Each structure stands twice: as structure tokens, then as C-alpha cells.
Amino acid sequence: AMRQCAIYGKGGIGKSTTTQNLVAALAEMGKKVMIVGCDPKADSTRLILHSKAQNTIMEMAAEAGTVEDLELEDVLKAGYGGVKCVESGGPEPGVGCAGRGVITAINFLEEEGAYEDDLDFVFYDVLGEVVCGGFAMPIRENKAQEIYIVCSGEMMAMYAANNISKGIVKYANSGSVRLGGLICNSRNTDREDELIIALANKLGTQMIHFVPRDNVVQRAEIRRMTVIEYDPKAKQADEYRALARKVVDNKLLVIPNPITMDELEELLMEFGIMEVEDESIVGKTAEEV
């Protein structure tokens, strides 16, 4: 019943916002959901709590001395729709692998039996910028089963998306770690919907949603809350409900097929974000050409 899910993707494309907003649609339709905040900024829970920045397991363990001197009630908060929220906390600048904050944070929650407490969903909001051993921690430790990659029709978000996938693949043979699909966050670039579906099937998954750039997300997030919470009778709000729908309904859980550099640039050139570079101009000064 209780599924183990993760949201992976790069920063600056509104990953957390779509994660939180999704989780809110999912709460209002009956489910009890818990978000684990694996990003080094506390932005993973912000909108559900109406918080400036939630208290994290790292800064609080730094407080009470050790990780066990914390009580569950202090780290794990609940906001909108009784959505349980924790921020894992960043690696202490200079020292500390990021992924070791996350084991600390999951371990702590297993031992205070939050996982065995009545729950339908867990959602790890995870940075999928570089996929190092550190950010791969939910996948290697098999705490995330269903991976949904948020991305956009833009080079880095895509490369990012592929890499997340190569990680899924590393731990294919070890367990139930699978790519459930790609969510596109629009950047009002032309061909981006179908570019992300080109990528989605060339990987062997779908593009389970397309999230439109609606200026109500901005207006709801300045009030530190979801769009499902701010204006439930909105266009965008039903988009979040629709995504959240497709997610329960998803049965499509796969081991992906990473593509190469030339193949990513292929897809980037034919939909138009990338240009066909000229070979004769290369290495030549404006003197020359």
C-alpha cells in the first residue's frame, strides 16, 4: 500500500515547487503523505508548512549534540492536509557528503517508526544535479522505489535527467528501484512537450505529465503555500490533480535506457533548442571569416 517515491531533477527548474504541489493534490484526494527534504536548502517542505525555512535534522543534531537527542515531534512537522514534512539538511560546507545526511535522516525516521505509521506515500525531494554516490543514496539503499524525474526542454535539465537514469540502471540488479516517468516543467519553449516525450520513450518511460507555466504558482508561492491550497478552482490546480492521478494509476515502472551525447544533441537540434553548428567557422577568428 505504502509506496516509496522520489522526485529527482536539477535545481532552478522549480522541482520542489512541482513536488510540493503534487503532494498537495495527493493529500486532498484522501492520501497521507510524507515528504523527505534531501536538498541542501530547506525549500523542499516550505510551501506545505508556510515556513520561511524548516528546521533540519543537520542544524538540530548540531544543536542537541547527537542525532538521538532529537525527538520525532521536533523534526517531522505536518502542514496542509496532514502532510508530514522533514528537511534532511545539507552537508556542512567543506566537509560532509551530502548523502550521509540523508542516511542519518532516513535512519532516524525508521527508528521512530514513522515509516510503519499509517502512510500511503513517501516522497524524497532530491537534487539530481550530479549523480554522485551521495545523491544516489536513496537508490543504493533502496528507500526509493519509484523515481520521477522533473526536467524541462533545456540542455542541462535533460542531461541531468539521463544521468539520474544511469543511476537507476546501476541499481537495476539490486532491487526494486525503477524509473516511473518524466515530468516536464514548462519554460514556454516551443517544442518542449514533445521533446520531453521524445526523450521519455527513447529512455523507455513516458512523459507522465506536462505542467504549464501558469502565473498563479508564483502568486501562491509568494504566500508560502501550494496552488491546491491557494486557489483550488484554477487551471493549474487541476493540472496538479491530474498528475497526482496518473501517479497512483502508474504501473509503468522500468529500468531505463540511457542515451549518448550525440543522441541528446540530436534531439536538441531537431526540436530547435540546439543549433546546427557550423564546422568551417570553428577555430577561425573574425579576421578569417
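Numbers for residues come from their place in the sequence shown, where the first is 1.
Stretch comparison (68 to 76 versus 130 to 138) by mean CA B-factor in the PDB entry places 68 to 76 on top. 85 to 93 and 114 to 122 differ in mean CA B-factor, and the higher of the two is recorded for 114 to 122. When the C-alpha B factors of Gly181, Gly175, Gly167, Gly101 are read from the deposited coordinates, the top value falls at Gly175.
In the PDB entry, the Cα temperature factor peaks, among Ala105, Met158, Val216, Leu203, at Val216.
Among the modelled residues of the chain, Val36 sits in the middle third by CA temperature factor in this PDB entry. Among the modelled residues of its chain, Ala1 has a C-alpha B-factor that falls in the highest third according to the deposited record. Among the modelled residues of the chain, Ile57 sits in the lowest third by CA temperature factor in this PDB entry.
Among all modelled residues in this chain, the alpha-carbon of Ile13 has a temperature factor (C-alpha) in the lowest third. Sorting the modelled residues of the chain by their CA temperature factor places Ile259 in the lowest third.
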